[PDB]
Amino acid sequence: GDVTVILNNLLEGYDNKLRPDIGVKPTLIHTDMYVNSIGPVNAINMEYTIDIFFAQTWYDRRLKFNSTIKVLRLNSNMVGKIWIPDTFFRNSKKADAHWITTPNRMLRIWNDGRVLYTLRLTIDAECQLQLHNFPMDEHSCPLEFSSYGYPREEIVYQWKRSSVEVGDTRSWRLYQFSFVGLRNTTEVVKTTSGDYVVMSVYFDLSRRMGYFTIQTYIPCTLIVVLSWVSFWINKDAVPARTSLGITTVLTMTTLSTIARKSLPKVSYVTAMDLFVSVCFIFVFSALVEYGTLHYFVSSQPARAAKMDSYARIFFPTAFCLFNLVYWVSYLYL
Amino acid sequence: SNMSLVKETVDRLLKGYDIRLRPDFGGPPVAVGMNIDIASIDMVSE
Ligand SMILES: *[C@@H]1O[C@H](CO)[C@@H](O[C@@H]2O[C@H](CO)[C@@H](O[C@@H]3O[C@H](CO[C@H]4O[C@H](CO[C@H]5O[C@H](CO)[C@@H](O)[C@H](O)[C@@H]5O[C@H]5O[C@H](CO)[C@@H](O)[C@H](O)[C@@H]5O)[C@@H](O)[C@H](O[C@H]5O[C@H](CO)[C@@H](O)[C@H](O)[C@@H]5O)[C@@H]4O)[C@@H](O)[C@H](O[C@H]4O[C@H](CO)[C@@H](O)[C@H](O)[C@@H]4O[C@H]4O[C@H](CO)[C@@H](O)[C@H](O)[C@@H]4O[C@H]4O[C@H](CO)[C@@H](O)[C@H](O)[C@@H]4O)[C@@H]3O)[C@H](O)[C@H]2NC(C)=O)[C@H](O)[C@H]1NC(C)=O
Ligand SMILES: *[C@@H]1O[C@H](CO)[C@@H](O[C@@H]2O[C@H](CO)[C@@H](O)[C@H](O)[C@H]2NC(C)=O)[C@H](O)[C@H]1NC(C)=O
């Protein structure tokens, strides 16, 4: 009817290569979000997937009409005919919009030129996780976006009061972590092209213990007590105790290999590989202890007789102590 | 206004423009200066 006439009059003499107020003042853009789901935070690649509903609203004095209807509600068929800011996410490894069934976009042009442009995004953002205190580690890693070609003098972004609003936080794929909060931030960065207004949203993730508790901690403590079981077998049966020790060491090294294979290749010492190393040391010390016991039986029997009962008490106490120390320290750190 | 002036300038620049011909299609070569700002070296596979 008459909406066609309005849409035709708005696009007559319209240049979608020139930002609104090209030579007057910067374009103020209000940005909002809606975090559908924060995908799996895989530490191997130092990345994390997020799915959002990015909304940008600005003023365009050229899309200003005067009719009874207050707002024009449009699909993605008129997004490529007006000016649209070139917002890109500066820390996204790979991100893409949605196109099924029709491009997931929305355009609402109000009466006074106010434009609202909303789209659906799935961003594989990047954040370098400091994998210390693993798996008792907490991260707070961002999602940064800014204009690409327009510096601070042309495009200025600005958060709304209720900009970022998470969803239900229950049907998310955060397996090993747990969402605890977020915060928005605005800064200005320097590039070879100019000064840009960079907005950021920081998501706070806390690694919940569990999978690792049952994948490496329990197996290794159970291997340690298995190695302690050798201290009660009589000292005359050599092959039994040697088999115990050597097979326990083999299982210990296999479990350490797996545990380190969990997280990526990092050249520093974490808190999990420290644990498996202490357990390895324990097993190796029980085996060399039995070796010295068997060697001393030939030299002095009473020495070995006292040594066995000495170790039976010295090993579990040293392990309880180690555990206590370790756990308390890391839980306070 | 300033917007009309900019619009007319851009419409003049892009009118009568041939993409098939590099700048100075007969004379000296064009000098293209390169800048690179490395964001990240992601993964190095052996
Ligand atoms: C190296 O080579 C590469 C390969 O050649 C090359 O990649 C290609 O790049 C070009 C340009 O960047 C891409 O072409 C554009 O694609 C845009 C969207 O791309 C997404 O979708 C395509 C598949 O496209 C189908 O689906 C969309 C959504 O439904 C349709 O809109 C398309 O027309 C098309 O539909 C046909 O196919 C369907 C089957 O899939 C059928 O069901 C359907 O019936 C049609 O037959 C994907 O392939 C893309 O994936 C790739 O790109 C992403 C980008 O992130 C990558 O991540 C990914 O890995 C892939 O590489 C992606 O998912 C199109 O929107 C776009 O067309 C619009 O823009 C042009 C230019 O402005 C307009 O001229 C055109 O008219 C379109 O505008 C109309 O529609 C928009 C809708 O948003 C309106 O807003 C707009 O106003 C306008 O409407 C007006 O005109 C309409 C008629 O046109 C009219 O109907 C309206 O009423 C109104 O008047 C363009 O096609 C191409 O897809 C890439 N190909 C591949 C394989 O990646 C790469 O760039 C090269 N590298 C370099 C450095 O050069
Ligand atoms: C998101 O950004 C807005 C705008 O910067 C923040 O809103 C401000 O909040 C502080 C304290 O909460 C107030 O003193 C300001 O008056 C607010 N500004 C406006 C314009 O409303 C908001 O706190 C941010 N959300 C966070 C950090 O979670």
# chains A, B, ... in the order shown; residues from 1 in each chain; ligands from 1
$ interface_residues --of "chain B" --to "chain A" --cutoff "12 Å" --atoms "only C-alpha atoms" --output "CSV table (one decimal) with N, CA and C atoms, in the first residue's frame"
chain,number,residue,atom,x,y,z
B,1,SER,N,25.2,20.8,1.9
B,1,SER,CA,25.8,20.5,3.1
B,1,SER,C,27.0,19.6,3.0
B,2,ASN,N,27.6,19.1,4.1
B,2,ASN,CA,28.8,18.3,4.0
B,2,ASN,C,28.5,16.9,3.4
B,3,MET,N,27.4,16.4,3.8
B,3,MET,CA,27.0,15.1,3.3
B,3,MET,C,26.8,15.1,1.8
B,4,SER,N,26.1,16.2,1.3
B,4,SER,CA,25.9,16.3,-0.2
B,4,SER,C,27.2,16.5,-0.9
B,5,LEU,N,28.1,17.3,-0.3
B,5,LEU,CA,29.4,17.5,-0.9
B,5,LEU,C,30.2,16.2,-1.0
B,6,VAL,N,30.2,15.4,0.1
B,6,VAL,CA,30.9,14.1,0.1
B,6,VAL,C,30.2,13.2,-1.0
B,7,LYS,N,28.9,13.2,-1.0
B,7,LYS,CA,28.2,12.3,-1.9
B,7,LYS,C,28.6,12.6,-3.4
B,8,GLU,N,28.6,13.9,-3.7
B,8,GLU,CA,28.9,14.3,-5.1
B,8,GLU,C,30.4,14.0,-5.4
B,9,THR,N,31.3,14.2,-4.4
B,9,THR,CA,32.7,13.8,-4.6
B,9,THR,C,32.9,12.4,-4.9
B,10,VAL,N,32.2,11.5,-4.1
B,10,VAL,CA,32.4,10.1,-4.4
B,10,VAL,C,31.7,9.6,-5.7
B,11,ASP,N,30.6,10.2,-6.0
B,11,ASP,CA,30.0,9.8,-7.3
B,11,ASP,C,30.8,10.3,-8.5
B,14,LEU,N,33.9,7.7,-8.7
B,14,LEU,CA,33.5,6.4,-9.2
B,14,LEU,C,32.9,6.4,-10.6
B,34,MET,N,53.3,-2.4,2.1
B,34,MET,CA,52.6,-3.4,2.9
B,34,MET,C,52.9,-3.2,4.4
B,35,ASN,N,51.8,-3.3,5.1
B,35,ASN,CA,51.9,-3.4,6.6
B,35,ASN,C,51.2,-4.7,7.0
B,36,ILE,N,51.7,-5.3,8.1
B,36,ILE,CA,51.2,-6.5,8.7
B,36,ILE,C,51.1,-6.4,10.2
B,37,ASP,N,50.0,-6.7,10.8
B,37,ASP,CA,49.8,-6.7,12.2
B,37,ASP,C,49.4,-8.1,12.6
B,38,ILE,N,50.3,-8.9,13.1
B,38,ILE,CA,50.0,-10.3,13.3
B,38,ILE,C,49.2,-10.4,14.6
B,39,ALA,N,48.0,-10.9,14.4
B,39,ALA,CA,47.1,-11.1,15.5
B,39,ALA,C,47.5,-12.4,16.3
B,40,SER,N,47.7,-13.5,15.6
B,40,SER,CA,48.1,-14.7,16.3
B,40,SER,C,48.7,-15.7,15.4
B,41,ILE,N,49.7,-16.5,15.9
B,41,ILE,CA,50.1,-17.7,15.3
B,41,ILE,C,49.4,-18.9,16.0
B,42,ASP,N,48.4,-19.4,15.4
B,42,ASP,CA,47.5,-20.3,16.1
B,42,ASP,C,48.1,-21.6,16.4
B,43,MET,N,48.4,-22.4,15.4
B,43,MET,CA,48.9,-23.8,15.6
B,43,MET,C,50.0,-24.1,14.7
B,44,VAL,N,51.0,-24.8,15.2
B,44,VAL,CA,52.2,-25.2,14.4
B,44,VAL,C,52.3,-26.7,14.4
$ residues_near_ligand --ligand "ligand 1" --cutoff "6 Å" --atoms "only C-alpha atoms and all ligand atoms" --output "VMD selection string"
chain A and resid 76 to 81 96 99 102 to 103
$ write_last_selection --atoms "N, CA and C atoms" --output "PDB file, in the first residue's frame"
ATOM      1  N   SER A  76      15.552  -9.474   6.376  1.00  0.00           N
ATOM      2  CA  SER A  76      16.891  -9.263   5.855  1.00  0.00           C
ATOM      3  C   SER A  76      16.917  -8.895   4.377  1.00  0.00           C
ATOM      4  N   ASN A  77      15.790  -8.513   3.779  1.00  0.00           N
ATOM      5  CA  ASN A  77      15.798  -8.118   2.378  1.00  0.00           C
ATOM      6  C   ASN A  77      16.213  -6.672   2.170  1.00  0.00           C
ATOM      7  N   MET A  78      16.225  -5.856   3.221  1.00  0.00           N
ATOM      8  CA  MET A  78      16.604  -4.454   3.110  1.00  0.00           C
ATOM      9  C   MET A  78      17.826  -4.122   3.953  1.00  0.00           C
ATOM     10  N   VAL A  79      18.589  -5.130   4.368  1.00  0.00           N
ATOM     11  CA  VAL A  79      19.786  -4.864   5.151  1.00  0.00           C
ATOM     12  C   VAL A  79      20.924  -4.418   4.248  1.00  0.00           C
ATOM     13  N   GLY A  80      21.001  -4.959   3.039  1.00  0.00           N
ATOM     14  CA  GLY A  80      22.038  -4.610   2.096  1.00  0.00           C
ATOM     15  C   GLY A  80      21.803  -3.354   1.296  1.00  0.00           C
ATOM     16  N   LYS A  81      20.829  -2.527   1.668  1.00  0.00           N
ATOM     17  CA  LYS A  81      20.549  -1.296   0.946  1.00  0.00           C
ATOM     18  C   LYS A  81      20.747  -0.041   1.776  1.00  0.00           C
ATOM     19  N   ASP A  96      30.494 -17.118  12.366  1.00  0.00           N
ATOM     20  CA  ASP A  96      29.638 -17.059  11.191  1.00  0.00           C
ATOM     21  C   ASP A  96      28.193 -16.848  11.609  1.00  0.00           C
ATOM     22  N   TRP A  99      21.970 -18.784   8.285  1.00  0.00           N
ATOM     23  CA  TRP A  99      21.324 -18.562   7.006  1.00  0.00           C
ATOM     24  C   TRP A  99      20.117 -19.447   6.744  1.00  0.00           C
ATOM     25  N   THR A 102      15.993 -18.525   6.042  1.00  0.00           N
ATOM     26  CA  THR A 102      16.306 -17.217   5.505  1.00  0.00           C
ATOM     27  C   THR A 102      17.341 -16.533   6.391  1.00  0.00           C
ATOM     28  N   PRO A 103      18.259 -15.735   5.825  1.00  0.00           N
ATOM     29  CA  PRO A 103      19.258 -15.062   6.664  1.00  0.00           C
ATOM     30  C   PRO A 103      18.676 -14.533   7.962  1.00  0.00           C
TER      31      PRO A 103
END
$ residues_near_ligand --ligand "ligand 2" --cutoff "7 Å" --atoms "only C-alpha atoms and all ligand atoms" --output "NGL selection string"
:A and (159-163 or 182-185)
$ residues_around --residues "segment 294-306 of chain A" --least-positions-apart "5" --cutoff "10 Å" --atoms "only C-alpha atoms" --output "list in words"
residues 235, 236, 237, 238, 288, 289 and 311 of chain A
$ closest_residue --among "A:218, A:106, A:252, A:189" --to "residue 152 of chain A" --atoms "only C-alpha atoms"
A:189
$ atom_distance --atom1 "atom CA of residue 221 of chain A" --atom2 "atom CA of residue 316 of chain A"
11.0 Å
$ atom_distance --atom1 "atom CA of residue 56 of chain A" --atom2 "atom CA of residue 100 of chain A"
21.4 Å
$ closest_residue --among "A:313, A:138, A:88, A:245" --to "residue 291 of chain A" --atoms "only C-alpha atoms"
A:245
$ select_by_dssp --residues "segment 80-158 of chain A" --states "strand (DSSP E)" --output "JSON, numbers by chain"
{"A": [87, 88, 89, 92, 93, 94, 95, 96, 97, 105, 106, 107, 108, 109, 110, 114, 115, 116, 117, 118, 119, 120, 121, 122, 123, 124, 125, 126, 138, 139, 140, 141, 142, 143, 144, 145, 146, 147, 155, 156, 157, 158]}
